[PDB]
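Undergrad:
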Amino acid sequence: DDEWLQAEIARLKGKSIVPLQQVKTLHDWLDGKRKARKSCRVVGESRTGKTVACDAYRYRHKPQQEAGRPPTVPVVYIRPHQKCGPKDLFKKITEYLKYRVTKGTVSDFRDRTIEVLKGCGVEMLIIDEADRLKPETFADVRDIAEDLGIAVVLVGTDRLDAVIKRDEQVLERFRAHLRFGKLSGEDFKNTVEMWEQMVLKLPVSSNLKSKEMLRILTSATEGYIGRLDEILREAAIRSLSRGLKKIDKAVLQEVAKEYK
Amino acid sequence: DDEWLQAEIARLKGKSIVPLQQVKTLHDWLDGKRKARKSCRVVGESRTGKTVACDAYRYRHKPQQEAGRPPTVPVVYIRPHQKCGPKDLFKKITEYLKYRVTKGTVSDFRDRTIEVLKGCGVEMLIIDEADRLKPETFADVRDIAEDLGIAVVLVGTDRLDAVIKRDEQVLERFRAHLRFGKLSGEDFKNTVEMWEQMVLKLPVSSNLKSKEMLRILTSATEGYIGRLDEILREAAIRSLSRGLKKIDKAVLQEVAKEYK
Amino acid sequence: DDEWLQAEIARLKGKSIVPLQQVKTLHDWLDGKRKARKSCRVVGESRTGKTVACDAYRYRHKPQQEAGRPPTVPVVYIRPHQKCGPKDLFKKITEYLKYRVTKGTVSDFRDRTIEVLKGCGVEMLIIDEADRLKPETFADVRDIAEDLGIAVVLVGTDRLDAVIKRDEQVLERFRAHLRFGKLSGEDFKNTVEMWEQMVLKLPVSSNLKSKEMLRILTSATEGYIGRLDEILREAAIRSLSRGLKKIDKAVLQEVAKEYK
Amino acid sequence: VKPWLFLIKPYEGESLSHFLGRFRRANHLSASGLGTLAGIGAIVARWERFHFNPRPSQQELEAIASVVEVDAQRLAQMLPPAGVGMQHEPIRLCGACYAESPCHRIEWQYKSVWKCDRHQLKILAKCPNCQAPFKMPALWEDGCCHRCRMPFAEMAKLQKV
Ligand SMILES: Nc1ncnc2c1ncn2[C@@H]1O[C@H](COP(=O)(O)OP(=O)(O)OP(=O)(O)O)[C@@H](O)[C@H]1O
Ligand SMILES: Nc1ncnc2c1ncn2[C@@H]1O[C@H](COP(=O)(O)OP(=O)(O)OP(=O)(O)O)[C@@H](O)[C@H]1O
Ligand SMILES: Nc1ncnc2c1ncn2[C@@H]1O[C@H](COP(=O)(O)OP(=O)(O)OP(=O)(O)O)[C@@H](O)[C@H]1O
Ligand SMILES: [Mg+2]
Ligand SMILES: [Mg+2]
Ligand SMILES: [Mg+2]
Ligand SMILES: [Zn+2]
Ligand SMILES: [Zn+2]
Numbered sequence: 017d018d019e020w021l022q023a024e025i026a027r028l029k030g031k032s033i034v035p036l037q038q039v040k041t042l043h044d045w046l047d048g049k050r051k052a053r054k055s056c057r058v059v060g061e062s063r064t065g066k067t068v069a070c071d072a073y074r075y076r077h078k079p080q081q082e083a084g085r086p087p088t089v090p091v092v093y094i095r096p097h098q099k100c101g102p103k104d105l106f107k108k109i110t111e112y113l114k115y116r117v118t119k120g121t122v123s124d125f126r127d128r129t130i131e132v133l134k135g136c137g138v139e140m141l142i143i144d145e146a147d148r149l150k151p152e153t154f155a156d157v158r159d160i161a162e163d164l165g166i167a168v169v170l171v172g173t174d175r176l177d178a179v180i181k182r183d184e185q186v187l188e189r190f191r192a193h194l195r196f197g198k199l200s201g202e203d204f205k206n207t208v209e210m211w212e213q214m215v216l217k218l219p220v221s222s223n224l225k226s227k228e229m230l231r232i233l234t235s236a237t238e239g240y241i242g243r244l245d246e247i248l249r250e251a252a253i254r255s256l257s258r259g260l261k262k263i264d265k266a267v268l269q270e271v272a273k274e275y276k
Numbered sequence: 017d018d019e020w021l022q023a024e025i026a027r028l029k030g031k032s033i034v035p036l037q038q039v040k041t042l043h044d045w046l047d048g049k050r051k052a053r054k055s056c057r058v059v060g061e062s063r064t065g066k067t068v069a070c071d072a073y074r075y076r077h078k079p080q081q082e083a084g085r086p087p088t089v090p091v092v093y094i095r096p097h098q099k100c101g102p103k104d105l106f107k108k109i110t111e112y113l114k115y116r117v118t119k120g121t122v123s124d125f126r127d128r129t130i131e132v133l134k135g136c137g138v139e140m141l142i143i144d145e146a147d148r149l150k151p152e153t154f155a156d157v158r159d160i161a162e163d164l165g166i167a168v169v170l171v172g173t174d175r176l177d178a179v180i181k182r183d184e185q186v187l188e189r190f191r192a193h194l195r196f197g198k199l200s201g202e203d204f205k206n207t208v209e210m211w212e213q214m215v216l217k218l219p220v221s222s223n224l225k226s227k228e229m230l231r232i233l234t235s236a237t238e239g240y241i242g243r244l245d246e247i248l249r250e251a252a253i254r255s256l257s258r259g260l261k262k263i264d265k266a267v268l269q270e271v272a273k274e275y276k
Numbered sequence: 017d018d019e020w021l022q023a024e025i026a027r028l029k030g031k032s033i034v035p036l037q038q039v040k041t042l043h044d045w046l047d048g049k050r051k052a053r054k055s056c057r058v059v060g061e062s063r064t065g066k067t068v069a070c071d072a073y074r075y076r077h078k079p080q081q082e083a084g085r086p087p088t089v090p091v092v093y094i095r096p097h098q099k100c101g102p103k104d105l106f107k108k109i110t111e112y113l114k115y116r117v118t119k120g121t122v123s124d125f126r127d128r129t130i131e132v133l134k135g136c137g138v139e140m141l142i143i144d145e146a147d148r149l150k151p152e153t154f155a156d157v158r159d160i161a162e163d164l165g166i167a168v169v170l171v172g173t174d175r176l177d178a179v180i181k182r183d184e185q186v187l188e189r190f191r192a193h194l195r196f197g198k199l200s201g202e203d204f205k206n207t208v209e210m211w212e213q214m215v216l217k218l219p220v221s222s223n224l225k226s227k228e229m230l231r232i233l234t235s236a237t238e239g240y241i242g243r244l245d246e247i248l249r250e251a252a253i254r255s256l257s258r259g260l261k262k263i264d265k266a267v268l269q270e271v272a273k274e275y276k
Numbered sequence: 007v008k009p010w011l012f013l014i015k016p017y018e019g020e021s022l023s024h025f026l027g028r029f030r031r032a033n034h035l036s037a038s039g040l041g042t043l044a045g046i047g048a049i050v051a052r053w054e055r056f057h058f059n060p061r062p063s064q065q066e067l068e069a070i071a072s073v074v075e076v077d078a079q080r081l082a083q084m085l086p087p088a089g090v091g092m093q094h095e096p097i098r099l100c101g102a103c104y105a106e107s108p109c110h111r112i113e114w115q116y117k118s119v120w121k122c123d124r125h126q127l128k129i130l131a132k133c134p135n136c137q138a139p140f141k142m143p144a145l146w147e148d149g150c151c152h153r154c155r156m157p158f159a160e161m162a163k164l165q166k167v
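Residue numbers (the UniProt record's numbering), protein chains in the order written: chain A, 17 to 276; chain B, 17 to 276; chain C, 17 to 276; chain D, 7 to 167.
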């Protein structure tokens, strides 16, 4: 049982990807923009679940490699770090395609990145946290989207929109967006029920997501998927730590008052 | 029994040639380049297994003893020294052949290597670690390829790609290129389940690339066939030395800890 | 007892090798990599070890020399000088095995050192202070390890890690490692006692891991064993210089003030 | 441990040239290098082509004995005995005696020798298939004619009885 308890707590620590209508809409729109090389910019709140949806769109087109040619990765996902320069960005592009860099000037990195980009036949350039990179690199990404014809999706918080708004070309060229919703409603109840079924993976004690539980979770998460994940995982781990097989009212109240 | 154990660990510690799909497609590519007599350049990231594939190729087309004339050698495999001049390249290419030249000068040596190359009618010249050569030697390599119509296969890592991109006339003839495979995807399952008994040759614990074993391997090798090779062999040595029947989870986690 | 005084000072000036947990761990790890013939990289911190233990390991497997035949030395320990070239590495290898040729072309010298490594039955090549050689020599070291199946042990500080991480192939050759720690905690409580009874071997002061001296010892040595050696040996020298039978805390404070 | 070298035991009737060539190839040395190590200079490079204009002296052979670790008398036993005349050119070889033992016999270079006493074959002065004169014995990396790559042991059945 102790080994089973350790397995349960380790699984609860690990986050999962339940496919729901938000990620469904996102990757449907992503496929639509991919089929026409339309460079858009998906936007949304913080801790809402855009990156996970992007991740899923990245893994679904798992690259299929030929016997003796470079693999065809159709979707490229990068998450440049804070104040990411152009050399760093090109390094990331060529590193994702599994092409280790060689020391040189920025021009050398740009040329190698262009070469590996055309050779691999990439279709998508997903730049999450696109509010981090410097504006001297937005010209580079503009040229990438222009000459190489790769649809770029600038992903980030609403601060990304402010970052690109002060610029001239990047705002006009990247205008199509997909704002992430709050999810509050009956769809939220469906979400929490589905999370109970799959993510929690607890024995069926007929919790059924009662009205009091729904009110507590609504007051806690405020519609955030990440908040819901964190609170559910914390409640499950706290119940399993005190020997409680299922999740009762006290742990929900404790985590809710701890968070707010 | 310790003699049998020592023989087994001697087999493990020895580098063994093992058949993959990538080596077979490389052999097909190189046969095509032979029949075309067209220059090529196989490139791949480190420990991906280019050297062993080229060695297996040159063993496949072993030289034949000719009766009327000195024997004809199909392929020449040379691994030059780091920052070695063209004189040493000529010395190695002659010494690989049965011929041998001493004294003389660089022009004399180049004339002699031209004569021995035309005499043997060598088809391909697989230079391993091509980037070890000085840039001036690349002009000599071009001259050999152009005057003798010999398909030169430049084997090396992406540093070779950068080196050939540095100069124009050197890269002029090497239009074609074969990119080696990282082996990511489902191919890992086949390669691990084959390597379990093809190479290790011990009573298997029916691991069959089990979820725990496969995930612990992907956490250490990342598709580097050489990585999994030496990891599995060293782990088998550790398991057999301590008196264990077959490998277990503890030794794999220890070797993964010492690797990552 | 003046003559007795320089007798004690002559005894103390030498560098006795205390046995310790770290030296045994390194010996066992090196033995395992040697039987596996696997190249490893002992990354460590300055003054912590990697010399006394590594040198002791060559003393463990004492070379045997026939009267008129090449010797068989299993472990070859060298310390390359600053910015040593390939000829310097080859000459260190040649001179360690007491070969009787010392001049020649660098290519011929490489061939000679390969022949002596194959002929002397060497299996482990310890390169202490591997932070003192160019990457071209690293390439030569890679060639040595590949051709002769040698377990090459790279010894140095983390600057060694920085030096080898800039080259693709050197990183993959030596992923295996072993960090030397600082033993911050329980180990000093016995290390001080061992150092006081054996290498000191002076009239016992009933020190017995007293917290009074333990505090100043921790504040001075900070956890580096070589620092402890200097401090304790100098303290004993000063104690006998003033003729004190025991090592008083006053001289400990004096040597601490000298060191910091 | 004691200073050492890749020692080679001399054959029976081998040449000084061939023995020094085997010693060099097994030590990856050079004629100038071997001479400098021995302390006699480029004289070694002369001996590899049998130019004994000043016969190899006792001192010039003791100095070699110090390096190759072969007794000086055993060294003189690969030079022609005092008074016996040898021809430094052409280099001559018997195929059968090479098949028996891969070496070059100093007795083949004698002016008075045309027949292999233990094979009853007229020894060869040039390659029997392409008429290519043989190299210096020290230059025999292996037993084959340089121009035609025919093994030395094979030539036994081309050389006349
Ligand atoms: N489809 C999904 N299935 C399961 N969990 C999800 C899903 N989408 C998001 N999450 C959860 O959301 C949290 C993190 O969301 P994510 O990192 O995708 O946010 P984001 O919208 O990109 O915003 P941020 O910029 O604040 O990181 C995690 O707790 C993760 O489990
Ligand atoms: N086809 C193969 N079969 C068996 N082992 C292989 C194969 N390819 C590579 N290896 C293993 O990889 C290691 C050597 O790989 P190899 O030198 O061929 O790779 P490489 O990608 O050319 O890299 P490098 O240039 O750095 O040497 C050895 O451990 C060897 O066992
Ligand atoms: N295991 C040991 N037993 C006894 N003394 C030791 C031991 N290890 C180190 N010392 C002492 O440390 C000093 C030398 O340190 P050492 O040469 O081991 O350092 P290192 O870590 O190899 O050095 P570097 O800073 O060059 O990496 C000497 O005073 C020696 O007595
Ligand atoms: Mg995010
Ligand atoms: Mg290789
Ligand atoms: Mg040191
Ligand atoms: Zn004969
Ligand atoms: Zn011939």
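The C-beta atom is built at its ideal place from N, Cα and C for all residues, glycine as well.
Going by the beta-carbon positions, is the gap between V92(A) and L42(A) smaller than 8 Å?
TA: Counted from its first residue, the first sequence places residue 92(A) at position 76. Counted from its first residue, the first sequence places residue 42(A) at position 26. Cβ atoms of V92(A) and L42(A): not closer than 8 Å.
Undergrad: Got a sec: is the Cβ-Cβ distance from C150(D) to anything in chain B below 8 Å?
TA: The residue you call residue 150(D) lines up with position 144 of the fourth sequence. True, the Cβ-Cβ gap to chain B drops below 8 Å.
Undergrad: Taking beta-carbon pairs under 7 Å, can you tell me which members of the region 98-119 of chain B lie near chain C?
TA: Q98, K99, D104
Undergrad: Which stretch, first to last residue, makes up the alpha helix (DSSP H) that contains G48(A)?
TA: Numbered from 1 along the first sequence, position 32 holds the residue referred to as residue 48(A). For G48(A), the enclosing alpha helix (DSSP H) has its first and last residue at 37-50.
Undergrad: Would you say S222(C) faces chain B, with C-beta separation under 8 Å as the test?
TA: Numbered from 1 along the third sequence, position 206 holds the residue referred to as residue 222(C). No, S222(C) does not count as interfacial toward chain B.
Undergrad: Counting Cβ pairs closer than 8 Å, one from the region 18-32 of chain D and one from the region 143-155 of chain D, do we hit at least three?
TA: yes
Undergrad: Taking the alpha helix (DSSP H) that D245(C) falls in, what are its first and last residues?
TA: By one-based count along the third sequence, residue 245(C) stands at place 229. Note, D245(C): alpha helix (DSSP H), 241-257.
Undergrad: Residues of chain B with a CB under 7 Å from the CB of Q185(C): which are they?
TA: For the purposes of this step, residue 185(C) is identified with residue 169 of the third sequence, where counting begins at 1. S62, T173, listed in chain order.
Undergrad: So is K134(A) in contact with chain B if we call contact Cβ pairs under 8 Å?
TA: Along the first sequence, read from residue 1 onward, the residue named residue 134(A) stands at position 118. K134(A) does not count as touching chain B.
Undergrad: State the Cα-Cα distance for the pair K29(B) and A252(B), rounded to the nearest angstrom.
TA: In the second sequence, counting from the first residue as 1, residue 29(B) sits at position 13. In the second sequence, counting from the first residue as 1, residue 252(B) sits at position 236. Their Cα atoms are separated by approximately 10 Å.
Undergrad: Counting contacts by CB-CB distance shorter than 8 Å, is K150(B) in contact with chain C?
TA: Within the second sequence, residue 150(B) is the residue found at index 134, counting from 1. No, its Cβ sits nowhere closer than 8 Å to a Cβ of chain C.
Undergrad: For residue 2(D), which residues in the same chain have their Cβ closer than 7 Å to its Cβ, ignoring the five residues on either side in sequence?
TA: Beyond the ends of chain D as shown, which are 7 and 167, falls residue 2(D); an answer cannot be given.
Undergrad: In whole angstroms, what separates the C-alpha of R27(B) from that of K217(C)?
TA: Residue mapping note: residue 27(B) aligns to position 11 of the second sequence, counting from 1. Residue mapping note: residue 217(C) aligns to position 201 of the third sequence, counting from 1. In a straight line, the C-alpha of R27(B) is about 49 Å away from that of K217(C).
Undergrad: If you reduce the DSSP assignment to three classes, tell me which class residue 298(A) lands in.
TA: With chain A represented from 17 up to 276, any question about residue 298(A) goes unanswered, as that position is not in the structure.
Undergrad: Pull up the CB-CB distance for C100(A) and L149(A), whole angstroms please, since I reckon it's below 8 Å.
TA: On the first sequence, position 84 is the one that residue 100(A) refers to. On the first sequence, position 133 is the one that residue 149(A) refers to. The pair is a contact, with the Cβ atoms about 4 Å apart (cut-off 8 Å).
Undergrad: At 4 residues or longer, what runs of the alpha helix (DSSP H) sit wholly inside the region 89-157 of chain B?
TA: 102-112, 122-136
Undergrad: Spatial neighbours of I232(B) within its chain, please: CB distance less than 8 Å, with the 5 preceding and 5 following residues excluded, ordered by chain position.
TA: Within the second sequence, numbered from 1, the residue matching residue 232(B) stands at position 216. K265, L268, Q269, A272.
Undergrad: Please classify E228(B): does DSSP put it in a helix, a strand, or coil?
TA: Position 212 of the second sequence holds residue 228(B). Of the three classes helix, strand and coil, the one that applies to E228(B) here is helix, per DSSP.
Undergrad: What residue range does the beta strand (DSSP E) around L170(B) cover?
TA: In the second sequence, counting from the first residue as 1, residue 170(B) sits at position 154. Note, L170(B): beta strand (DSSP E), 167-171.
Undergrad: Just checking: is the beta-carbon of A252(C) within a distance shorter than 8 Å of some beta-carbon in chain B?
TA: In the third sequence, counting from the first residue as 1, residue 252(C) sits at position 236. False, the Cβ-Cβ gap to chain B never drops below 8 Å.
Undergrad: May I ask you to report which of helix, strand or coil DSSP gives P86(C)?
TA: Counting from 1 along the third sequence, the entry for residue 86(C) is found at position 70. Here DSSP, grouped into helix, strand and coil, assigns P86(C) to coil.
Undergrad: By the DSSP assignment, the beta strand (DSSP E) with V208(C) in it spans what residues?
TA: For the purposes of this step, residue 208(C) is taken as the residue at position 192 of the third sequence. Counting along the chain, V208(C) falls outside any beta strand (DSSP E), though it belongs to the alpha helix (DSSP H) covering 203-210.
Undergrad: Within 10 angstroms of the Cβ of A23(A), are there 16 or more other Cβ atoms? Answer buried if so, exposed if not.
TA: To locate residue 23(A), count along the first sequence from 1; it is residue 7. Only exposed fits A23(A), as fewer than 16 other CB atoms lie within 10 angstroms of its CB.
Undergrad: Can you find a CB in chain G that lies within less than 8 Å of the CB of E139(C)?
TA: The structure shown contains no chain G; the protein chains it does contain are A, B, C and D.
Undergrad: Give the residues whose C-beta lies closer than 6 Å to at least one heavy atom of ligand 5, in chain order.
TA: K66(B), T67(B)
Undergrad: Who does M92(D) pair with in a DSSP beta bridge?
TA: Here residue 92(D) is taken as the residue at index 86 of the fourth sequence, counted from 1. According to DSSP, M92(D) bridges with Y116(D).
Undergrad: For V90(D), collect the residues of the same chain with a Cβ closer than 7 Å to its Cβ; drop the 5 residues on either side in sequence, then sort them by chain order.
TA: For the purposes of this step, residue 90(D) is identified with residue 84 of the fourth sequence, where counting begins at 1. Hits under 7 Å: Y116.
Undergrad: Whole angstroms is fine: what's the gap from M210(A)'s alpha carbon to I25(A)'s?
TA: Taking the first sequence and counting its residues from 1, one reaches residue 210(A) at position 194. Taking the first sequence and counting its residues from 1, one reaches residue 25(A) at position 9. About 20 Å.
Undergrad: Give me the chain B residues within the contact set of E147(D), using Cβ-Cβ distance strictly less than 8 Å, ordered along the chain.
TA: Within the fourth sequence, numbered from 1, the residue matching residue 147(D) stands at position 141. Under the 8 Å cutoff, chain B gives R116.
Undergrad: Buried or exposed: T118(C), going by 16 or more other Cβ atoms within 10 Å of its Cβ?
TA: As a first step, residue 118(C) must be located in the third sequence, where it is residue number 102. Exposed.
Undergrad: Starting from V58(C), follow the beta strand (DSSP E) in both directions and report where the run begins and ends.
TA: For the purposes of this step, residue 58(C) is taken as the residue at position 42 of the third sequence. In this chain, the beta strand (DSSP E) harbouring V58(C) covers 56-59.
Undergrad: Tell me, please, which residues DSSP counts as bridged to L130(D).
TA: In the fourth sequence, counting from the first residue as 1, residue 130(D) sits at position 124. Answer is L99(D), bridged to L130(D).
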